Each structure stands twice: as structure tokens, then as C-alpha cells.
Amino acid sequence: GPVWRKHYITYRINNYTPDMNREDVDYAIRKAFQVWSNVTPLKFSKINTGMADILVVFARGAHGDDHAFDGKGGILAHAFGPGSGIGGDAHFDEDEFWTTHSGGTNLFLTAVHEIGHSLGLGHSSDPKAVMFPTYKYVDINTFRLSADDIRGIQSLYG
Ligand SMILES: [Ca+2]
Ligand SMILES: [Ca+2]
Ligand SMILES: [Ca+2]
Ligand SMILES: [Zn+2]
Ligand SMILES: [Zn+2]
């Protein structure tokens with residue numbers, strides 16, 4: 001599958017969910033990128049204008065792609081694999097209630113999963129992997145990638 005062929009990757013937060021404080025959205029997304037830069041040669045930088053590699057969007061229902069959202073529950077977010085244009089972009093369903101903690105749906109944990117897709121990972125069959133396809137809260141302050149996630153990403157980078 002596709003991978004980024006450069007080490008400096010940019011992201012941009014297109015818009016902000018009203019569910020959270022702005023600074024908390026920024027921090028959750030930054031921390032999620034750091035999870036992956038920790039285990040690859042990739043470097044991620046936030047930009048505020050122009051075209052980023054990875055555009056982060058909060059949207060509800062139909063929102064201009066083939067992965068229409070479905071209201072509260074069900075699909076929480078989705079992301080495109082590496083490539084030009086919409087490639088890399090990560091979309092979060094605004095019909096969820098995003099949080100910094102164990103209430104609602106944790107943005108950081110969901111972003112770690114989606115960014116995994118943005119970098120070219122697929123799903124894992126291992127329930128302990130962040131790339132497992134059902135959300136579960138785990139303490140975000142002590143979060144660590146599973147061995148399965150590390151093997152997955154290091155098959156693509158580094
Ligand atoms: Ca893109
Ligand atoms: Ca949904
Ligand atoms: Ca919401
Ligand atoms: Zn979308
Ligand atoms: Zn997924």
C-alpha cells in the first residue's frame with residue numbers, strides 16, 4: 001500500500017469541534033502525531049494556511065466524500081491513506097462528543113488510530129492494538145502503542 005516518500009509531513013486543522021476547548025483540540029492532535037513520530041523517522045508540523053499533507057476536519061453526515069457519516073455512534077472518524085489531495089486527510093464525525101478524557105469519545109485516541117491510516121496502516125485483528133477497529137478508552141496519560149502497532153508502522157517506515 002501507499003506510504004509517504006518524504007520525512008517532513010505537514011498537517012492543518014481545518015476547523016474545530018465546539019465540543020472541546022480550542023487548545024485541547026490542538027494538543028490532542030499534536031500528541032497523536034507524536035505517538036507515530038516516536039517510532040518512525042517522520043516529523044510533523046502544524047501549518048495554519050495553504051495545503052497541508054494531512055488535513056484534519058470535523059464534519060457531520062455527507063461532507064464531500066464517499067464515507068458519509070452516520071450521526072452519533074457507528075463510524076466515529078475515517079482517514080485516507082497517503083497520497084495527493086484528499087490522501088492523508090483525517091475526518092472526525094461532529095455528531096460524536098469529543099473529549100480530553102474518558103467521557104464521550106476521546107479525540108487523542110481516535111486521532112492516533114486515524115493518523116495510523118493517514119500514514120498507510122490498515123486494521124489489526126489484535127484487540128490490544130490502537131489499529132483495532134473498535135474504540136475503547138485506555139488511560140491517555142500512560143498510553144503506549146502495542147507491539148503490533150509498532151511492527152505495523154515499522155514495516156512501512158524507518
Ligand atoms: Ca492531503
Ligand atoms: Ca458517527
Ligand atoms: Ca460534537
Ligand atoms: Zn470524510
Ligand atoms: Zn480504522
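Regarding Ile150, is this residue surrounded by fewer than 20 Cβ atoms within 10 Å (Cβ to Cβ) and either hydrophobic (A, V, I, L, M, F, W, C) or not in a loop (DSSP other than H, G, I, E, B) (or both)? Steps first, please.
Details: surrounded by fewer than 20 Cβ atoms within 10 Å (Cβ to Cβ): yes; either hydrophobic (A, V, I, L, M, F, W, C) or not in a loop (DSSP other than H, G, I, E, B) (or both): yes.
Considered against the rule, which asks whether it is surrounded by fewer than 20 Cβ atoms within 10 Å (Cβ to Cβ) and either hydrophobic (A, V, I, L, M, F, W, C) or not in a loop (DSSP other than H, G, I, E, B) (or both), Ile150 comes out as yes.
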Collect the residues in the range 89-109 that are closer than 16 Å to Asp66 by Cβ and part of a loop (DSSP other than H, G, I, E, B), keeping them in residue-number order. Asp89
Among the residues of the range 110-134, which ones are within 12 Å of ligand 5 (Cβ to nearest atom) and either basic (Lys, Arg) or outside any loop (DSSP other than H, G, I, E, B) (or both)? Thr110, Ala111, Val112, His113, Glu114, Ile115, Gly116, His117, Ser118
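Output the residues belonging to the range 1-16 that are under 26 Å from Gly122 (Cβ atoms) and either within 16 Å of ligand 4 (Cβ to nearest atom) or crowded, with 19+ Cβ neighbours inside 10 Å (or both).
Initial filter on the range 1-16 (under 26 Å from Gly122 (Cβ atoms)): 1-14.
Residues satisfying the conditions are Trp4, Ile9, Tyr11, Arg12, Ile13, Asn14.
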Can you tell me which residue within the range 65-84, out of those that are farther than 17 Å from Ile29 by Cα and of a type in the set (A, V, I, L, M, F, W, C), is nearest to the chain's Cα centre (by Cα)? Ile75
What residue, of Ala32, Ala77, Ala28, is among the hydrophobic types (A, V, I, L, M, F, W, C), within 16 Å of ligand 1 (Cβ to nearest atom), surrounded by 21 or more Cβ atoms within 10 Å (Cβ to Cβ) and under 22 Å from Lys128 (Cα atoms)? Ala77
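With ideal geometry, Cβ positions are generated from the backbone for all residues, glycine too; neighbour counts draw on all protein chains shown. A short reminder: the numbers here are calculations on the coordinates, not readings from a lab.
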